[PDB]
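Comments concern the structure below.
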Amino acid sequence: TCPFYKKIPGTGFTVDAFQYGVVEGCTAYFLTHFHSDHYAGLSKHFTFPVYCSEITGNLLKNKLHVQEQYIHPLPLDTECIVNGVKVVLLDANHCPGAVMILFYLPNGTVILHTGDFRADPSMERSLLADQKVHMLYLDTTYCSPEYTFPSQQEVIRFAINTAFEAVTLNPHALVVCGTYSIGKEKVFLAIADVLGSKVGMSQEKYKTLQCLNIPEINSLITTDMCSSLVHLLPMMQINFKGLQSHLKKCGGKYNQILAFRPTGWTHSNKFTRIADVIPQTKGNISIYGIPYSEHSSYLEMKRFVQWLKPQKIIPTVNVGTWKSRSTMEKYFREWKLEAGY
Ligand code: NI
């Protein structure tokens, strides 16, 4: 059954709760973003109302084949009414179309559900600043002080300079970027822009990108692999074997690969700066690991919550074991004692 952390009190709403069949009482199912864990269970066979951003609606329509009658897209930053209740969707700074949802309950309680998010100080000057939030449903993916990472802009700058150097040294080098869902598009779009190239990719991936309301998209991406010097492949192919195999397929148009694996955190965040990063190399193939995160670091999450000063926190990630919940509660109490709420 649907856990209490996916239910919004004193409404019949749920959030990211599609894997439990019919939820008893639920009149509206909200979807924060188009990542498989959150949408798990949605298909062309679903027959209840789904509320979401315009981008998430495009993806539901085109990728999952959910029938149009059940998709209720809402604009961002706009007060809307859903089944008698005031809501606002806000940019989550996660992947394309990802939202936080603000729910203004009839009794006067205000609830923020973050979805998946990367907390940022620009969120301190949104509609959130206008009133007290009593309850926060929080993306606790990286809720532990070991999780640090550079800014997105630091990582992109590094990727750009690296790629530009490599292809100026060898104009027959190919650049490959690994990918598995939506998100982290800036990695490949920024590398292509410095090289004066479009991004080549499979038909299914191109179809996905064509849903995302990216300006001038047709000038940036193609299904003609031949004509482009940045290619997208599945993350699983980003290794020496998969990459040599791909190089054989391109028909001697390239003689070297430089590949990037955008990852979350891995243990080498605890010593290395982005400027110290060096690739793994075998022959004419080099693979760079780059920690491009679309989740809050510990410090970013701590700052947002200490600013917001919620009266109660409901974790939505790592809630499956008592040890994780206990550990998280410890950090929430520390933050509250430091900040005086
Ligand atoms: Ni996500």
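Computed from heavy atoms alone, side chains included, the values below leave out hydrogens, waters and symmetry copies. Note that ligands are numbered from 1 as they come in the structure, with each ligand's atoms numbered from 1 the same way. Start at 1 with the first residue, then count along the sequence.
For CG of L337, the number of neighbouring non-hydrogen atoms (other residues, nucleotides, ligands) closer than 6.0 Å is greater than 12.
Proximity of the aromatic rings of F46 and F48 is defined here by a centroid distance below 6.0 angstrom, and this criterion is met.
In summary, an N, O or S atom of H35 is located under 2.8 Å from the Ni ion (ligand 1). Among the atoms of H295, no N, O or S atom is found under 2.8 Å from the Ni ion (ligand 1).
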Please set out all donor-acceptor pairs under 3.5 angstrom arising from side-chain atoms of residues 320-331, sequence neighbours excluded.
from : atom 1 : to   : atom 2 : distance (Å)
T321 : OG1    : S324 : N      : 3.3
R325 : NE     : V319 : O      : 3.4
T327 : OG1    : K323 : O      : 2.9

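Judged as a ring-ring contact (aromatic ring centres under 6.0 Å, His included), the pairs with a partner in residues 50-86 (not counting sequence neighbours) are, in order, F30-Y51, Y51-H72.
Distances from the Ni ion (ligand 1) to each N, O or S atom of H33 single out NE2 as the nearest.
The Ni ion (ligand 1) is the vertex of the angle joining OD2 of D116 and NE2 of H94, which measures 100° to the nearest 10°.
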